[PDB]
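Comments concern the structure below.
Nothing in this text is a laboratory measurement; each read-out follows from the coordinates by a stated rule. Counting neighbours? That spans all protein chains shown, and the Cβs are built from the backbone with ideal geometry, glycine included.
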Amino acid sequence: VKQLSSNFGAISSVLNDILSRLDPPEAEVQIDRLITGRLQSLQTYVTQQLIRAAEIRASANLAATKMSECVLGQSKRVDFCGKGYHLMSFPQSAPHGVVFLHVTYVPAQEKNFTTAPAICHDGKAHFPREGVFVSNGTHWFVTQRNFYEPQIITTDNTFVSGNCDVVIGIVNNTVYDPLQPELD
Amino acid sequence: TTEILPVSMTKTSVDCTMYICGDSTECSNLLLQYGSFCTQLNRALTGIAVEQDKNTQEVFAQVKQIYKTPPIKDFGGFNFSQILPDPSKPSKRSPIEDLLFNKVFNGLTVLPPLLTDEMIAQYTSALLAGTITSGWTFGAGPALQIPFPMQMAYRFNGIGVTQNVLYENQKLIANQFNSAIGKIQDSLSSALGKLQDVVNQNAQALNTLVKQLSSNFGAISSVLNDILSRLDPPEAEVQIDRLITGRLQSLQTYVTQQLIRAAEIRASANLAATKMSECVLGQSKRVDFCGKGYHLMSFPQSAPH
Amino acid sequence: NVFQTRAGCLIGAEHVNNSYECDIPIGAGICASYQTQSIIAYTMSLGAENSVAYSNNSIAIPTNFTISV
Ligand SMILES: *[C@@H]1O[C@H](CO)[C@@H](O[C@@H]2O[C@H](CO)[C@@H](O)[C@H](O)[C@H]2NC(C)=O)[C@H](O)[C@H]1NC(C)=O
Ligand SMILES: *[C@@H]1O[C@H](CO)[C@@H](O[C@@H]2O[C@H](CO)[C@@H](O)[C@H](O)[C@H]2NC(C)=O)[C@H](O)[C@H]1NC(C)=O
Ligand SMILES: *[C@@H]1O[C@H](CO)[C@@H](O[C@@H]2O[C@H](CO)[C@@H](O)[C@H](O)[C@H]2NC(C)=O)[C@H](O)[C@H]1NC(C)=O
Ligand SMILES: *[C@@H]1O[C@H](CO)[C@@H](O[C@@H]2O[C@H](CO)[C@@H](O)[C@H](O)[C@H]2NC(C)=O)[C@H](O)[C@H]1NC(C)=O
Ligand SMILES: *[C@@H]1O[C@H](CO)[C@@H](O[C@@H]2O[C@H](CO)[C@@H](O)[C@H](O)[C@H]2NC(C)=O)[C@H](O)[C@H]1NC(C)=O
Ligand SMILES: *[C@@H]1O[C@H](CO)[C@@H](O)[C@H](O)[C@H]1NC(C)=O
C-alpha cells in the first residue's frame, strides 16, 4: 500500500496530478515511470507470497501427518508426539492452526540395583523372557524393565541356552521349578 | 556407515545505501524516490539470518543436562575412543571431528553464529555420553544407567534376535564394531561434498554481487566520481539513475535467490533434527531411515555447517 | 563499561563471570540480560552438568511414573 506514494522519479505521485501537470506527449514520459515502479512493487509482493505459501504448506503437511499418527494411532517415533512415551493425543482448533495436546508417560523415582546377564543353574544358562535380573543385595528377581515389580525366577519366566561358561558375567542362583512341589 | 547433512549457512548483511551509492549525497537523494525497497531487503536478510541459529538450536540442543562419561571406560569390549572428546585437541573435539574440520568490503558484512564450534562439540559429546551410558532412557526422562552389553542385547531384541545370540558372540560383535569404526577413519582421512557445495554456492553468489559494481547498465562509466566530474547536475541525474536501477535489480536478485536457498537448507536441518530424535535417542524400525540393514544405534558428530 | 566481544564493541553493559541461560543473543557465545538494576553480558551456559553412575553391573529402574500433557 505505501509504495503507492513514491514518485519513482516523476513530478507527482498521484497520476490524477501527473495527468494534471504533464500531459500525453510528456505523460508518456511521466506516467511510464510510475508504471515501471508500481509493477516492480507488485512483483516483489507476489514473489515473497509464493515463497511464504510454500513454508505454510510444509507446516500443514506436518500437521496432517501428526493428526494421522498421533491422534488416530499410537506412535513409536521418539519425540514425534511429545517428550516421553506417547500414550495419546487430542486436537484443538486455533485461529489459523491447530493445537495438539499430547499425553505421555514419564518414569519417575528410580532406584539402584545389581544386574547380571544370565543365571547359572545345573550347569545351564538362563535368560529372562521379558525383563531383567536384579538383586536387592541378597536376593535375585526378574522385573519388567520400565516399572519395578520383582518376581521369583522360575522356569516360566526364563529360557535356557547353553552352558554357564561362555557368557561374561553369569551369576549362580536357583531357578525354581513349580511342577516338582506340585506333584511332590 | 555415515550420513552428512547441512544444517546452516552463513549470515550475511548488506547496507543498501552503501552498496548502491557508496557514500555520495547526490546518489543518496535520488534513491529516496524509490520508496522503501531497501528496508524490505534488509528485513528479508535479517529474517533469514535469525533462522540459521534456529536451525542449529533444534538439531543440537536435544539434551537438558550435559552428561559426562565415566573415567574408567569398560563397555564390554567396545571401544569408542575415536569418537569421544580429546582434551589435547583443538576445541576439545573428537578425533573424527577433526578430520571433518580439516577437509572442509562495501556494505557487505558477515555475522557470527550464536553457538560457537566449541559449544556444538560440547552438545554432541553430551549426546554421545548419554547414549553410551543410559541407552534411550535419557531421551524420555531421567537417564538410567545400564551396562553396555545389556543395552546391546535389548537392541538385538528390538530387531527380532534373541539375547543369547549377543551374549554368546560378544567378543566377535565387539571386534567387528571396532574394526568397522577403524575404517570410517581411513576412508575420511584419505566425501563432504554436500557441505562443500553450500559453501561454494554462497561464495559464488557474493562474488557475483560485487562484480556487478563495475557495469555501466548504459551509462558513461561505472564510477560516481566520474559522472560527478564530467557532467553538470542536470545531466548527471540521468546517468546516475541508470546505475541506480541496475544496482537495485542486482541486489534484489541476490536477495530472492537467498530466500530460495534458505528454504532448502531449512528442510535439511528439519530432517537432521528428526534423525537426531529417532536414530540417536531411539531405535528406529523405519526401513532405510538410519542406515541400510537393521538399525542398532547411531552416533552424532559435528561438522563445519 | 566498554567490552570487546567477537560480535563487535559493546557499551553500557557489565561483563559478569557467571553463566546463565541465554536471554538476548549478542553473538559468538555472548548473551545479555537485565539483572540486579543493570544490564549484564555473559557467556551462555548449555546446562547443568551430570555424571551418570555407570558401572558394568549396576542398573537403575523406576518405581513410579507421572502422566504428562
Ligand atoms: C546409585 O549409586 C550411585 C553410586 O553409589 C549414586 O551416585 C552418587 O551420585 C552423587 C551425585 O550427587 C555423588 O555425590 C555420589 O558420590 C555417588 N555415589 C554414592 C552416593 O554412593 C547414585 O545416586 C545412586 N542412584 C540412585 C537412584 O540412588
Ligand atoms: C531382599 O528381598 C528379600 C525378599 O523380598 C528380603 O528377604 C525377606 O525379608 C523379609 C523382611 O521382613 C523377611 O520377613 C523374609 O523372611 C525374607 N525372606 C524371604 C521373603 O524369603 C531381603 O531382606 C531383602 N534384602 C535387603 C538387603 O533388603
Ligand atoms: C566389572 O567391573 C568390575 C570392577 O571394575 C570387575 O571386577 C574386577 O574383576 C577382575 C577380574 O574379574 C578383578 O581382577 C578386579 O580386582 C575386580 N575389581 C574390583 C574392584 O574388585 C568385574 O570383573 C567386571 N566384569 C563383570 C562384573 O562382568
Ligand atoms: C558357581 O558354582 C559352580 C558349581 O556349581 C562353581 O564351579 C566350580 O568352580 C571351581 C573353580 O572354578 C571348580 O574347581 C569346580 O570344578 C567347579 N564345579 C562345577 C560343578 O562346575 C563355580 O566356581 C561357582 N562360581 C561362583 C562365582 O560362585
Ligand atoms: C581403542 O582403540 C585405539 C586405537 O584407535 C587404541 O589406542 C591406540 O592403540 C595403539 C596400539 O597399542 C597405540 O599405539 C596408540 O598409542 C593408542 N592411542 C591412540 C592411537 O591414541 C586404544 O588402546 C583402544 N582402547 C582399548 C581399551 O584397547
Ligand atoms: C572473571 O574470572 C577471571 C578468572 O580467570 C578473572 O581473571 C576476572 O578478573 C574475573 N572478572 C570479574 C569481573 O570478576
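Sparse packing (at most 16 other Cβ atoms within 10 Å of the Cβ) combined with a DSSP loop state is found for the following trypsin sites (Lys or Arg not before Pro) in the stretch B:229-305: B:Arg230, B:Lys285, B:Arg286, B:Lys292.
The angle between the Cα long axis of helix A:24-66 and the main principal axis of chain A comes to about 10°, on a 0 to 90 degree scale. Note on B:294-305: average number of Cβ atoms from other chains within 10 Å of each residue's Cβ is 0.
The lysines whose alpha-carbon is closer than 23 Å to the alpha-carbon of A:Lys83, local same-chain residues fewer than 8 away aside, are A:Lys66, A:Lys111, B:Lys54, B:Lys64, B:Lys68, B:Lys275, B:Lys285.
Most simply put, chain A has about 90% antiparallel DSSP beta bridges, counting only bridges with both residues inside it.
Prolate is the label for the protein assembly as shown, because a/c, from the alpha-carbon gyration tensor with a ≥ b ≥ c as root eigenvalues, is 1.5 or above and a/b exceeds b/c. Cα gyration tensor of the stretch A:110-184, axes a ≥ b ≥ c as square roots of the eigenvalues: rounded (a/c below 1.5), prolate (a/b > b/c) or oblate? Oblate is the answer for the stretch A:110-184, as a/c is 1.5 or above yet b/c matches or exceeds a/b. Across peptide B:240-246, the average count of Cβ atoms from other chains found within 10 Å of a residue's Cβ is 1. Simple rule: put +1 on each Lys or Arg Cβ and -1 on each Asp or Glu Cβ in the stretch B:135-211, find the dipole, and look at B:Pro142, B:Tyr167, B:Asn200; the Cα lying farthest toward the positive end is B:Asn200. Where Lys and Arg each count +1 and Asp and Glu each count -1, what net charge lies around B:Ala126 among other residues with Cβ under 11 Å from its Cβ? That sum, taken over residues with Cβ under 11 Å, equals +1.
Full extension of the chain segment joining A:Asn146 with A:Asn163 gains 3.2 nm, where the gain is 0.36 nm per residue of separation less the Cα-Cα distance. The distance linking chain C with the stretch B:194-257 is 44 Å (Cα centroid to Cα centroid, whole angstrom). State the answer as a single residue: which of B:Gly282, B:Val255, B:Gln301 lies farthest towards the positive end of the charge dipole of the stretch B:236-301, with beta carbon charges of +1 for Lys and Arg and -1 for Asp and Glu, about the Cα centre. Of B:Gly282, B:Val255, B:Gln301, it is B:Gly282. Secondary-structure-derived ellipticity at 222 nm for chain B, considering helices only, amounts to -17500 deg cm²/dmol, per-run term -39500 (n - 2.57) for DSSP H runs with n ≥ 4. Which of rounded, prolate, oblate describes the stretch B:76-145, given a ≥ b ≥ c as roots of the alpha-carbon gyration tensor eigenvalues and a/c under 1.5 marking rounded, otherwise prolate only if a/b is larger than b/c? Oblate shape, in that a/c is at least 1.5 and b/c is the bigger or equal ratio. Only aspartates and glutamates eight or more places from A:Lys76 in sequence, or on another chain, were considered; those with a Cα closer than 18 Å are B:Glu278, B:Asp288.
Summing +1 for each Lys or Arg and -1 for each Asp or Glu among the other residues whose beta-carbon sits under 12 angstrom from that of B:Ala272 gives 0. Inter-chain Cβ neighbour count for B:195-202, averaged per residue, equals 0 (cutoff 10 Å, partner chain atoms only). Under the convention that each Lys and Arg Cβ holds +1 and each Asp and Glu Cβ holds -1, the size of the dipole of the protein assembly as shown around its Cα centre is about 480 debye.
Name the residues of the stretch A:27-53 whose amide N is less than 16 Å from a point 7 angstrom out from the Cα of A:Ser12 along the C-beta direction? Counting only backbone N, you get A:27-35. With the charge dipole of the protein assembly as shown set up from +1 on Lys and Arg Cβ and -1 on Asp and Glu Cβ about the Cα centre, the Cα lying farthest toward the positive end among the listed residues B:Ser36, A:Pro150, A:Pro107 is that of A:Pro150.
Overall, the stretch B:165-267 carries a charge dipole of about 420 debye about its Cα centre when +1 sits on the Cβ of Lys and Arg and -1 on the Cβ of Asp and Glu, all other atoms neutral. The local environment of B:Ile4, defined by Cβ-Cβ distances under 14 Å, has a net charge of 0 under the rule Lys, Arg +1 and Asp, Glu -1.
Inter-label distance, A:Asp122 to B:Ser229: 10.5 nm, where each label sits 7 Å from its Cα along the C-beta direction.
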